[PDB]
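Just so you know, structure 1 and structure 2 below are the same protein chain in two forms, each on its own as structure tokens.
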Structure 1
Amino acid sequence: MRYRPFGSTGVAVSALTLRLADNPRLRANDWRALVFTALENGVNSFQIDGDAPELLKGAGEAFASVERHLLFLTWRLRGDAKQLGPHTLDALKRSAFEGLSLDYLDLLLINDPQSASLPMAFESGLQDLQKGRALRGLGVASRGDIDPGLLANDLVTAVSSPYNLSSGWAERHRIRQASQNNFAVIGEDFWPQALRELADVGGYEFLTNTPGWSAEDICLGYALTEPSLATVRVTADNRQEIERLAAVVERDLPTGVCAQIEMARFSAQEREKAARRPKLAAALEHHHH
């Protein structure tokens, strides 16, 4: 395992971040063992994306097995950010601080409100948690452009964004600009469904025809080469998956794979212009006034 600085927090994070999300088949000791396995593969960054009592119990017990400062703990808070408030923060206190037995969270990762501001009572509660050292930073998850007025908020220290080997320059520019402005960036969706379909049929078929590599491992290896990502979020629900993903961190992508990734970006298909409808255009032109 390799380790990167998390933005300007001064905390080193493993190249992979393990997301823990509700799975009703899992009981508490499964969650504890999942985290134990991640720790044994050098993963110190965890993202809690669920709040079932068994998840909190097992995860909290595993986190307690190492000294707190060795871990980076993010709570993922979904829902319409514009509708968050004091009841949200009460729930966060029950789940994150009682459920996981934490004194502080490193990062609260919320949805992009698509606004320059947060609701007042929620932001005031966040400020309270920050001054109490119970919350060390706020992050914004987005699949588009986050309002710079929101990123300028003193609470906001991190962003989360998708990035994969078929991302274009808009997505790449978002992560690189955020990193150059000293935000920590968490990469998401290194292996999205659309790319799994492309890997089977078409220009990306090399992803399933490269000796010694799976398509998923190639997509992870590529995201791991991107300078602007502090860490790449992965989800794994058994030991074998954690071990394989962590193994990718120490491998080198073949240069021929890199060239095929670049080759594959080309796009040719164009459209002939669509039909004229002068009758329709004329009726619209002659609207009543």
Structure 2
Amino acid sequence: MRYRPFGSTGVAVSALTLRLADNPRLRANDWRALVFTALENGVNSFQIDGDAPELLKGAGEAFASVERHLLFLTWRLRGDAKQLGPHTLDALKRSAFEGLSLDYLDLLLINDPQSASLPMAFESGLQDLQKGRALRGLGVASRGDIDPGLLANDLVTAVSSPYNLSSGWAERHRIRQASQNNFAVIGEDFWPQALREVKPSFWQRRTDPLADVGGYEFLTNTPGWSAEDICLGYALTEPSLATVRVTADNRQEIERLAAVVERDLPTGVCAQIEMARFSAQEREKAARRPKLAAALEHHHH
């Protein structure tokens, strides 16, 4: 395992962050062994995305096996961020603090509320948790530009965004810009939907309709490497990411994901990523209108 500053904290996080999310086929002992295997492969950053009693017991026990200060524990909190309130903080005392046997969270990661502001009562409660040294930072998950009024909030120390070799320019730039302004950046979706083929399949993300995937055929035809392993290896070279989020269900999946950290991308790949992005942007150019006359016609409905 390699480690990286979770910037401006002096806390080092593993380049892999293991996500634990509800899974009814696992018991306490399985979650416990899942985290023991992570811990043995040098993973020290976890994101709990779930409140199944089985998961909190098992994760709880395994975290206890080592000293709290060696761990970076993020609690993922979903839902319309505009409807968070005291009920949220109650749920959080029960699940995240009592459930996991913790007296601080390194990070609480909420959804982008698409607003400069968080609800009064919730922000007050976070301020209280921080005064009590129970919450080191608030993080925001986004697929777009977070309101600068929110980023300027003293509470907000981190952002979570998808980054993968499908990622546009606008994305690549948002996360370097964030990281150069001393926000930690967690990388999501290293192995995105667009780059899997040989069912149903949802496409409800505002970034989805605009998405080239021509040129990634080398993902399949690289001797000694799976497409998943290349996509991850690539995310691990982006210097603006504090860490890359991964999800894994069994020991050998953890071990294989850890292996990728210490292997380097195959020899020709960086070159081919350029070939594919240079074709991506010859197509976005060759399929563009004059940006004035376009916008000006659009105005005149």
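C-alpha atoms forming the largest set that superposes within 1.5 Å between two forms make up the rigid core. Structure 1 provides the reference sequence; residues are numbered from 1 along it.
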{"query": "Core-aligned C-alpha movement of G203 between the two structures reaching 2 Å", "finding": "yes"}
{"query": "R25: Cα shift of 2 Å or greater between the two structures (core-aligned)", "finding": "no"}
{"query": "Backbone CA shift between the two structures, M263, after core fitting (angstrom)", "finding": "1.2"}
{"query": "Core-aligned CA shift between the two structures for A62 (Å)", "finding": "0.3"}
